[PDB]
Structures are given as structure tokens and as C-alpha cells.
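Enquirer: A single structure is presented below for examination.
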Number of protein chains: 2
Amino acid sequence: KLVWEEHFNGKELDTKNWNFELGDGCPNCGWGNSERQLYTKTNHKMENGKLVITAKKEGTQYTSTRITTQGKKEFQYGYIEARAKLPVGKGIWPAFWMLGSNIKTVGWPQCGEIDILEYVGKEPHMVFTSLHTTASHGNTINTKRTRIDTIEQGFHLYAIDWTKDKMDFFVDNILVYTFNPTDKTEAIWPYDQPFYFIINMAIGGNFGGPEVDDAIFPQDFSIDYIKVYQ
Amino acid sequence: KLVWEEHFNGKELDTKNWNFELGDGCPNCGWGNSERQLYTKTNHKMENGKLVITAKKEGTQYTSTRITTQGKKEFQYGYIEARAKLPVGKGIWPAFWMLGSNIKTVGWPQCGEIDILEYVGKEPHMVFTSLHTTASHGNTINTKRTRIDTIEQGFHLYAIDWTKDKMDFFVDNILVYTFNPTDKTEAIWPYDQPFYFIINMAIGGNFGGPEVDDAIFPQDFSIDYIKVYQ
């Protein structure tokens, strides 16, 4: 059954379900990857049933949006699907992903991370689906690069089927990657707990950059919905 | 550039480009695996710009269509794409695939085989992409099963990008399988020659069956086009 959906149909982001993460990330400055943007509450809009996040450059200041459902909308297992349209260009890094609910007591990477929509504009026609855990994080080995030459065109679907036994990743309903370790310690498998959502668009940094083509700005990352089935 | 396209826009199949393969397959009797159908010239129609192949059961006689471009339209390398809608049900086996031009002098499997659209109705929500060669054939190791829960819905794209160095397979523009052997002997890599097309729909037999649900008939396999780019 459909247990929760964010339709992004309101006039504003529903802060009963969403948090903003704001600024430069300090003391984890640059948000863990030496990124250029300050995150704000003034870089997004609700338009035509979409959340639209815009990456901007003003002077030498870069700005964007990062929102989470931490402590507000959390789920353990399910078929989780987002419909979204990508920004394009060298240096941009849009993402839709999840973090373990226990992050405030065990930290990252022990809490676990699920990377569902991952695209870096410096590598067109590719998406990434990944896990970060104590066993493998940062330059994680639990990752798959999927070639899709049409991914920049229109809206696509990004999803996971998440159970106690495995994590399946889908793009446009095609299974592209499966993580199913036989040994499910917490270090390998922190995924038997609730997780929360993050939507963001980073600029430059250790993963999205470091090179940024400043001619690309402004760039829009548009999200139609998040659906959760259980 | 687009070098050839079959639009299926005629009132009839163009026999300047297509052959019928007919009957029970002898001397490859039962089409090599006890398939039930006789292939005919009366199980297909051109309708609304699609080739529509219909699998029928009349009495205890099963019929369908099998057509090839052998000796008429053959290509070596390229991006090759078909748009098609699947038949459904236990026992059905639609296919769009290719065989090596030298098959009448070297036989199968030495000639090589490329399986581009492969679906067995007894296994819904799955497609297969495969190669058969002297080095690996029958229960070939060069194969990939791809889960796609929507594959029975509407039309989908099935494609290969074929070069002297590798064979990439795509479903709905997503790269699902790559074959790139390092040792390209003729046994491992019969793919540096022209190949021709086959479209067919088998009924029963040891791969698509052997069990057949007779309530499913008639079933339609619809092909919108084949495009070849070089």
C-alpha cells in the first residue's frame, strides 16, 4: 500500500515534514566534500506541482537548497520512488538519498546511507546508486554506475525496494543494482532501522567537482514527488 | 547516421527485405527444442504502423510467425534499436535477435547469435540479453537477466551498440549488459561479420515452456520498427 507521498503541491514546503539544512556546513565545512554552496531557504520554489531547487552564482557566492525529513517523516523498508528532472553542466551534483535515523547517536557512516538519485553534471549520461556504511563509505565499493544517454531529458524515476534482506535500485523501473550481503552485521548492514530523506543540489567539491563551469548557472533540479509503499 | 529502418508502414511485409521461415523447422525439427508451433504466412498483419504477430491455437495446431532478413538486409556493427510490445502468458516466447551471415557455411553456434529482445511469458517482469558462440552456447554464460516490472505494459525499446570491441545491450535506453571479451578468437567473438535479423514468437518447447497455458491464445507481439545507425 501507499503509506506516504510528498506531492509537492502546496504553495510552500511543508515544514511539518521537512527541515532545511543551511549554510556552509561548519564545523563540517563544505558539507564533508569541500563544496562551494551555501544552502539557503531562498533557493527553492513550489511551481506546477514540482519542488524546484535552483543553483545560483552571485559574485563568488554559490547558493542552493538542502532539505531533509529527519525526525519528521521516517520509514523502515519499502518501495520508495522519486520522479525528478536533472540540472545539467560541469560541477553540479543533485541528489535524492537517505540517512539512518540513529545518525545523532552513532554518526555517519555507522548510521548508513542510501544513494538513490545521484548525478554529477561533469559526467553526462550516467547515474550512480550506492550505499555508505562502516564497512564501506566515502569511496564506497557498494556502488554501481549506470549509463543512460537520455537521463538529462525530461523526468525519470529513481527508486529502491528495501527489505530486511536486500536493497534493490531501479531507474525507470529497470533493476540496475542489488546489494544483498550474506553477513549482515551493523557495520555491513545498518539498514534495519528507520531512515529519513534528503534532497539537495551541491556545487563543486570532492565529488561533484572540483571544476565548476560557471556559465551553467542558474540550474534547476525539479522533483515531482516522493512515494513510499509498504 | 540512420542507415536503414523498417517502419512496418506497408500493407504487407516487404519480401525484398524479409524472408518467412515456415513449418516445423526441419532438419532442425521442432526448431531445435520441441516447440509446438508451425510458422506460417497467415499469422501476421500490418496494422496501424506495427507488425503484429499473433500466436494462435486452432484445434491442437499452434501457429505463429518467424521472419528474417537473411541475405537481404545485413549489417556489421552499429546501434540497433527495436520498439515493441510484448505478448503475455505461460508458454509464449517472443524474440528479436540476430544470427551471423556465415551460418550456411559454418552453422550454429559458430556463426554467432545476438539476443536483443527475449521474454518468456512463464517468467513475467523479466527480459534476457545473450550471446551464443562456439565458446558458450545453449546454457550460455554470456547472458543477463534484467528485472523490469513494467515490461508487459505498452511499448519498450530494446537495443544494442555493437562495435569490433564490445557488445552493449540497452532496454529503454538503460545499459543493462556488456560483453567485451579480451581474447577475441572466432569461437569467443564471431561478431566481426555482417549479421541478419530474426523476429519470431515461439509457443512452448523446452525454453519457452514446455508447459503452455492454452487459455492465453490468441496473443499479439507487436513491433513498431527496427532502426540501424552507423
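Chain labels follow the order of the C-alpha cells: the first chain is A, the next B, and so on; residue numbering restarts at 1 in every chain, and ligands are counted from 1 in their shown order.
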Compute the post-superposition RMSD of the C-alpha atoms of chain B relative to chain A, with atoms paired in order and the fit done by least squares.

Expert: 0.3 Å

Enquirer: Per residue of chain A within 10 Å of chain B, record the nearest atom pair and its distance in Å to one decimal, counting only C-alpha atoms, with rows in chain order and ascending residue number, as a Markdown table.

Expert:
| residue | atom | partner | partner_atom | distance |
| --- | --- | --- | --- | --- |
| A:125 | CA | B:174 | CA | 9.8 |
| A:126 | CA | B:174 | CA | 9.7 |
| A:145 | CA | B:175 | CA | 10.0 |
| A:146 | CA | B:175 | CA | 6.6 |
| A:147 | CA | B:175 | CA | 5.4 |
| A:148 | CA | B:174 | CA | 4.8 |
| A:149 | CA | B:173 | CA | 6.6 |
| A:150 | CA | B:173 | CA | 6.7 |
| A:151 | CA | B:173 | CA | 8.8 |
| A:170 | CA | B:148 | CA | 8.8 |
| A:171 | CA | B:174 | CA | 8.2 |
| A:172 | CA | B:172 | CA | 8.2 |
| A:173 | CA | B:148 | CA | 5.7 |
| A:174 | CA | B:148 | CA | 4.9 |
| A:175 | CA | B:147 | CA | 5.4 |
| A:176 | CA | B:176 | CA | 7.2 |

Enquirer: Since we have the selection now, will you write its residues out, keeping C-alpha atoms, as a PDB file, in the first residue's frame?

Expert:
ATOM      1  CA  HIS A 125      24.546  10.210 -19.317  1.00  0.00           C
ATOM      2  CA  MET A 126      25.496   8.423 -16.076  1.00  0.00           C
ATOM      3  CA  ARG A 145      27.459   3.383 -12.384  1.00  0.00           C
ATOM      4  CA  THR A 146      24.624   3.065 -14.897  1.00  0.00           C
ATOM      5  CA  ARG A 147      24.776   4.505 -18.383  1.00  0.00           C
ATOM      6  CA  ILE A 148      21.589   6.195 -19.580  1.00  0.00           C
ATOM      7  CA  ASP A 149      22.067   8.525 -22.550  1.00  0.00           C
ATOM      8  CA  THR A 150      18.599  10.034 -22.146  1.00  0.00           C
ATOM      9  CA  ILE A 151      18.812  10.806 -18.423  1.00  0.00           C
ATOM     10  CA  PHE A 170      15.659   0.957 -10.057  1.00  0.00           C
ATOM     11  CA  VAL A 171      15.828   3.614 -12.713  1.00  0.00           C
ATOM     12  CA  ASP A 172      12.748   3.953 -14.915  1.00  0.00           C
ATOM     13  CA  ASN A 173      11.579   0.664 -13.395  1.00  0.00           C
ATOM     14  CA  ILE A 174      14.726  -1.186 -14.511  1.00  0.00           C
ATOM     15  CA  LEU A 175      16.662  -3.007 -11.770  1.00  0.00           C
ATOM     16  CA  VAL A 176      20.181  -1.586 -12.074  1.00  0.00           C
TER      17      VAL A 176
END

Enquirer: Quick one, how far is atom CA of residue A:215 from atom CA of residue A:121?

Expert: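 Straight-line distance from atom CA of residue A:215 to atom CA of residue A:121 works out to 13.0 Å.
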
Enquirer: Near residue A:52, counting only C-alpha atoms, which residues have an atom at most 12 Å away, once you skip same-chain residues fewer than 4 positions from it, shown as a PDB file with N, CA, C and O atoms, in the first residue's frame?

Expert:
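Final file, result.pdb:
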ATOM      1  N   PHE A   8       4.422  17.631  -3.408  1.00  0.00           N
ATOM      2  CA  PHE A   8       4.938  18.993  -3.615  1.00  0.00           C
ATOM      3  C   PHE A   8       3.899  19.904  -4.279  1.00  0.00           C
ATOM      4  O   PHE A   8       4.225  20.722  -5.149  1.00  0.00           O
ATOM      5  N   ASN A   9       2.649  19.771  -3.844  1.00  0.00           N
ATOM      6  CA  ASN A   9       1.546  20.524  -4.437  1.00  0.00           C
ATOM      7  C   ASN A   9       1.179  21.778  -3.654  1.00  0.00           C
ATOM      8  O   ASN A   9       0.344  22.563  -4.101  1.00  0.00           O
ATOM      9  N   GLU A  12       3.947  26.238  -0.379  1.00  0.00           N
ATOM     10  CA  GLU A  12       5.269  26.260   0.218  1.00  0.00           C
ATOM     11  C   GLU A  12       5.629  24.867   0.702  1.00  0.00           C
ATOM     12  O   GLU A  12       4.766  23.996   0.829  1.00  0.00           O
ATOM     13  N   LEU A  13       6.912  24.659   0.955  1.00  0.00           N
ATOM     14  CA  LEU A  13       7.383  23.403   1.519  1.00  0.00           C
ATOM     15  C   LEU A  13       6.743  23.187   2.879  1.00  0.00           C
ATOM     16  O   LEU A  13       6.700  24.098   3.696  1.00  0.00           O
ATOM     17  N   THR A  42      16.021  30.336   0.439  1.00  0.00           N
ATOM     18  CA  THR A  42      15.579  31.226  -0.629  1.00  0.00           C
ATOM     19  C   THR A  42      16.022  30.776  -2.024  1.00  0.00           C
ATOM     20  O   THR A  42      15.997  31.560  -2.979  1.00  0.00           O
ATOM     21  N   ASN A  43      16.405  29.506  -2.164  1.00  0.00           N
ATOM     22  CA  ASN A  43      16.799  28.981  -3.469  1.00  0.00           C
ATOM     23  C   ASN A  43      15.817  27.957  -4.050  1.00  0.00           C
ATOM     24  O   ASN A  43      16.111  27.307  -5.050  1.00  0.00           O
ATOM     25  N   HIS A  44      14.650  27.821  -3.439  1.00  0.00           N
ATOM     26  CA  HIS A  44      13.667  26.873  -3.961  1.00  0.00           C
ATOM     27  C   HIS A  44      12.310  27.534  -4.150  1.00  0.00           C
ATOM     28  O   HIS A  44      12.020  28.578  -3.560  1.00  0.00           O
ATOM     29  N   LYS A  45      11.474  26.903  -4.962  1.00  0.00           N
ATOM     30  CA  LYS A  45      10.093  27.338  -5.136  1.00  0.00           C
ATOM     31  C   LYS A  45       9.201  26.137  -5.422  1.00  0.00           C
ATOM     32  O   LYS A  45       9.673  25.089  -5.871  1.00  0.00           O
ATOM     33  N   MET A  46       7.917  26.286  -5.124  1.00  0.00           N
ATOM     34  CA  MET A  46       6.919  25.292  -5.497  1.00  0.00           C
ATOM     35  C   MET A  46       6.217  25.789  -6.745  1.00  0.00           C
ATOM     36  O   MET A  46       5.568  26.833  -6.727  1.00  0.00           O
ATOM     37  N   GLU A  47       6.387  25.063  -7.840  1.00  0.00           N
ATOM     38  CA  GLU A  47       5.906  25.502  -9.145  1.00  0.00           C
ATOM     39  C   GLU A  47       5.338  24.350  -9.966  1.00  0.00           C
ATOM     40  O   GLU A  47       6.046  23.391 -10.242  1.00  0.00           O
ATOM     41  N   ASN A  48       4.066  24.448 -10.339  1.00  0.00           N
ATOM     42  CA  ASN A  48       3.451  23.485 -11.251  1.00  0.00           C
ATOM     43  C   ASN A  48       3.514  22.057 -10.697  1.00  0.00           C
ATOM     44  O   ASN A  48       3.729  21.098 -11.445  1.00  0.00           O
ATOM     45  N   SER A  64      22.236  27.178  -2.935  1.00  0.00           N
ATOM     46  CA  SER A  64      21.366  26.088  -3.350  1.00  0.00           C
ATOM     47  C   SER A  64      20.490  25.701  -2.168  1.00  0.00           C
ATOM     48  O   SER A  64      20.407  26.456  -1.194  1.00  0.00           O
ATOM     49  N   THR A  65      19.844  24.536  -2.263  1.00  0.00           N
ATOM     50  CA  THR A  65      18.907  24.047  -1.247  1.00  0.00           C
ATOM     51  C   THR A  65      19.271  22.642  -0.809  1.00  0.00           C
ATOM     52  O   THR A  65      19.680  21.811  -1.642  1.00  0.00           O
ATOM     53  N   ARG A  66      19.118  22.381   0.486  1.00  0.00           N
ATOM     54  CA  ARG A  66      19.254  21.045   1.056  1.00  0.00           C
ATOM     55  C   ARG A  66      18.180  20.861   2.123  1.00  0.00           C
ATOM     56  O   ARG A  66      18.154  21.591   3.120  1.00  0.00           O
ATOM     57  N   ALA A  84      11.926  12.835 -10.992  1.00  0.00           N
ATOM     58  CA  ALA A  84      12.696  14.070 -10.996  1.00  0.00           C
ATOM     59  C   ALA A  84      13.330  14.381 -12.338  1.00  0.00           C
ATOM     60  O   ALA A  84      13.513  13.500 -13.178  1.00  0.00           O
ATOM     61  N   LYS A  85      13.651  15.662 -12.519  1.00  0.00           N
ATOM     62  CA  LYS A  85      14.326  16.165 -13.720  1.00  0.00           C
ATOM     63  C   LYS A  85      15.645  16.815 -13.295  1.00  0.00           C
ATOM     64  O   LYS A  85      15.671  17.582 -12.326  1.00  0.00           O
ATOM     65  N   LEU A  86      16.731  16.482 -14.000  1.00  0.00           N
ATOM     66  CA  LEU A  86      18.080  16.857 -13.575  1.00  0.00           C
ATOM     67  C   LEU A  86      18.506  18.251 -14.012  1.00  0.00           C
ATOM     68  O   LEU A  86      18.080  18.715 -15.074  1.00  0.00           O
ATOM     69  N   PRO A  87      19.357  18.900 -13.199  1.00  0.00           N
ATOM     70  CA  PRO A  87      20.140  20.044 -13.676  1.00  0.00           C
ATOM     71  C   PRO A  87      21.255  19.508 -14.554  1.00  0.00           C
ATOM     72  O   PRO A  87      21.552  18.312 -14.482  1.00  0.00           O
ATOM     73  N   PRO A  94      23.179  17.080  -8.100  1.00  0.00           N
ATOM     74  CA  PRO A  94      21.872  16.832  -7.498  1.00  0.00           C
ATOM     75  C   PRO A  94      21.805  15.455  -6.855  1.00  0.00           C
ATOM     76  O   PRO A  94      22.450  14.509  -7.330  1.00  0.00           O
ATOM     77  N   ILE A 199      16.953  15.779   0.042  1.00  0.00           N
ATOM     78  CA  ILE A 199      17.038  16.278  -1.335  1.00  0.00           C
ATOM     79  C   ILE A 199      18.000  17.450  -1.329  1.00  0.00           C
ATOM     80  O   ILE A 199      17.859  18.361  -0.510  1.00  0.00           O
ATOM     81  N   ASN A 200      18.984  17.457  -2.219  1.00  0.00           N
ATOM     82  CA  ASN A 200      19.877  18.613  -2.248  1.00  0.00           C
ATOM     83  C   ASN A 200      20.513  18.783  -3.610  1.00  0.00           C
ATOM     84  O   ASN A 200      20.452  17.898  -4.460  1.00  0.00           O
ATOM     85  N   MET A 201      21.136  19.932  -3.822  1.00  0.00           N
ATOM     86  CA  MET A 201      21.954  20.099  -5.016  1.00  0.00           C
ATOM     87  C   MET A 201      23.241  20.814  -4.632  1.00  0.00           C
ATOM     88  O   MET A 201      23.233  21.992  -4.246  1.00  0.00           O
ATOM     89  N   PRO A 218      21.990  29.972 -13.844  1.00  0.00           N
ATOM     90  CA  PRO A 218      21.367  29.108 -12.831  1.00  0.00           C
ATOM     91  C   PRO A 218      20.927  27.740 -13.364  1.00  0.00           C
ATOM     92  O   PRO A 218      20.652  27.600 -14.547  1.00  0.00           O
ATOM     93  N   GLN A 219      20.867  26.743 -12.481  1.00  0.00           N
ATOM     94  CA  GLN A 219      20.417  25.408 -12.875  1.00  0.00           C
ATOM     95  C   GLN A 219      19.304  24.917 -11.968  1.00  0.00           C
ATOM     96  O   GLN A 219      19.388  25.071 -10.750  1.00  0.00           O
ATOM     97  N   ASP A 220      18.287  24.293 -12.569  1.00  0.00           N
ATOM     98  CA  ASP A 220      17.127  23.791 -11.837  1.00  0.00           C
ATOM     99  C   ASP A 220      17.145  22.267 -11.683  1.00  0.00           C
ATOM    100  O   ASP A 220      17.363  21.532 -12.655  1.00  0.00           O
ATOM    101  N   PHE A 221      16.886  21.826 -10.458  1.00  0.00           N
ATOM    102  CA  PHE A 221      16.668  20.425 -10.085  1.00  0.00           C
ATOM    103  C   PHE A 221      15.213  20.338  -9.658  1.00  0.00           C
ATOM    104  O   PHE A 221      14.833  20.956  -8.662  1.00  0.00           O
ATOM    105  N   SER A 222      14.393  19.609 -10.420  1.00  0.00           N
ATOM    106  CA  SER A 222      12.944  19.584 -10.179  1.00  0.00           C
ATOM    107  C   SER A 222      12.487  18.222  -9.693  1.00  0.00           C
ATOM    108  O   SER A 222      12.773  17.212 -10.334  1.00  0.00           O
ATOM    109  N   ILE A 223      11.752  18.199  -8.589  1.00  0.00           N
ATOM    110  CA  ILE A 223      11.263  16.929  -8.051  1.00  0.00           C
ATOM    111  C   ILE A 223       9.734  16.959  -8.005  1.00  0.00           C
ATOM    112  O   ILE A 223       9.148  17.846  -7.405  1.00  0.00           O
ATOM    113  N   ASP A 224       9.101  16.005  -8.685  1.00  0.00           N
ATOM    114  CA  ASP A 224       7.631  15.907  -8.758  1.00  0.00           C
ATOM    115  C   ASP A 224       7.038  15.286  -7.503  1.00  0.00           C
ATOM    116  O   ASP A 224       6.076  15.801  -6.934  1.00  0.00           O
ATOM    117  N   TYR A 225       7.625  14.182  -7.050  1.00  0.00           N
ATOM    118  CA  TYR A 225       7.113  13.515  -5.872  1.00  0.00           C
ATOM    119  C   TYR A 225       8.119  12.557  -5.242  1.00  0.00           C
ATOM    120  O   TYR A 225       9.130  12.189  -5.853  1.00  0.00           O
TER     121      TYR A 225
END

Enquirer: Mind checking which residues fall within 9 Å of residue B:2, counting only C-alpha atoms, ignoring those fewer than 5 positions away in the same chain, and posting them as a short mmCIF file (atom, residue, chain, number, x, y, z; two decimals) with N, CA, C and O atoms, in the first residue's frame?

Expert:
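Result went into out04.cif, see below:
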data_model
loop_
_atom_site.label_atom_id
_atom_site.label_comp_id
_atom_site.auth_asym_id
_atom_site.auth_seq_id
_atom_site.Cartn_x
_atom_site.Cartn_y
_atom_site.Cartn_z
N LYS B 227 15.50 0.11 -36.22
CA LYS B 227 16.36 1.16 -36.74
C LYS B 227 17.83 0.74 -36.65
O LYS B 227 18.25 0.17 -35.65
N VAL B 228 18.61 1.03 -37.69
CA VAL B 228 20.04 0.74 -37.64
C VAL B 228 20.81 2.02 -37.87
O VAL B 228 20.59 2.69 -38.88
N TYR B 229 21.65 2.37 -36.91
CA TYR B 229 22.54 3.53 -37.01
C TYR B 229 24.01 3.10 -37.13
O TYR B 229 24.45 2.19 -36.45
N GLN B 230 24.77 3.78 -37.99
CA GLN B 230 26.22 3.54 -38.10
C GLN B 230 26.94 4.87 -38.26
O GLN B 230 26.36 5.80 -38.79
#

Enquirer: Calculated over only C-alpha atoms, which of the candidates B:137, B:49, B:82, B:144 has the smallest distance to residue B:11?

Expert: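 Using only C-alpha atoms, residue B:11 sits closest to B:49.
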
Enquirer: In terms of the shortest atom-to-atom distance over only C-alpha atoms, which of B:140, B:206, B:28, B:133 is closest to residue B:185?

Expert: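 Smallest separation from residue B:185 among the options: B:133.
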
Enquirer: Need to verify the contact set: residue A:182, 12 Å, only C-alpha atoms, exclusion of same-chain residues closer than 4 positions in sequence. Can you return it as number ranges by chain?

Expert: A: 164-166, 188-189

Enquirer: Give me, as JSON, numbers by chain, the residues of stretch 12-141 of chain A that a backbone DSSP run labels alpha helix (DSSP H).

Expert: {"A": [103, 104, 105, 106]}

Enquirer: Tell me which protein, DNA and RNA residues are within 10 Å of residue A:34, counting only C-alpha atoms, leaving out same-chain ones fewer than 4 positions away, and put them as a PDB file with C-alpha atoms, in the first residue's frame.

Expert:
ATOM      1  CA  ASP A  24      28.383  26.227   4.911  1.00  0.00           C
ATOM      2  CA  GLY A  25      28.192  23.016   6.962  1.00  0.00           C
ATOM      3  CA  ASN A  28      31.953  20.079   8.847  1.00  0.00           C
ATOM      4  CA  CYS A  29      32.752  22.948   6.470  1.00  0.00           C
ATOM      5  CA  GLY A  30      31.847  22.343   2.827  1.00  0.00           C
ATOM      6  CA  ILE A 203      28.190  22.608  -6.393  1.00  0.00           C
ATOM      7  CA  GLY A 204      31.792  21.529  -6.951  1.00  0.00           C
ATOM      8  CA  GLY A 205      33.770  19.826  -4.222  1.00  0.00           C
ATOM      9  CA  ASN A 206      35.477  16.477  -3.851  1.00  0.00           C
ATOM     10  CA  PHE A 207      32.755  14.533  -5.647  1.00  0.00           C
ATOM     11  CA  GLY A 208      30.800  16.972  -7.794  1.00  0.00           C
ATOM     12  CA  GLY A 209      33.900  18.830  -8.880  1.00  0.00           C
ATOM     13  CA  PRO A 210      36.306  20.217  -8.187  1.00  0.00           C
TER      14      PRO A 210
END

Enquirer: Atom CA of residue B:59 to atom CA of residue B:33: how many Å, to one decimal?

Expert: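 Distance reported for this atom pair: 21.7 Å.
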
Enquirer: Do a neighbour search on residue B:61 at 10 Å with only C-alpha atoms, toss out local chain neighbours closer than 6 positions, and write the hits as an mmCIF file with N, CA, C and O atoms, in the first residue's frame.

Expert:
data_model
loop_
_atom_site.group_PDB
_atom_site.id
_atom_site.type_symbol
_atom_site.label_atom_id
_atom_site.label_comp_id
_atom_site.auth_asym_id
_atom_site.auth_seq_id
_atom_site.Cartn_x
_atom_site.Cartn_y
_atom_site.Cartn_z
ATOM 1 N N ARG B 36 6.084 -26.076 -30.199
ATOM 2 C CA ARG B 36 4.793 -26.571 -30.660
ATOM 3 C C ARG B 36 4.303 -25.996 -31.986
ATOM 4 O O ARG B 36 3.546 -26.653 -32.702
ATOM 5 N N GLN B 37 4.691 -24.764 -32.299
ATOM 6 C CA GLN B 37 4.088 -24.063 -33.433
ATOM 7 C C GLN B 37 4.640 -24.465 -34.793
ATOM 8 O O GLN B 37 5.806 -24.840 -34.937
ATOM 9 N N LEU B 38 3.755 -24.379 -35.782
ATOM 10 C CA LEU B 38 4.162 -24.248 -37.170
ATOM 11 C C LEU B 38 4.163 -22.763 -37.483
ATOM 12 O O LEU B 38 3.208 -22.057 -37.163
#
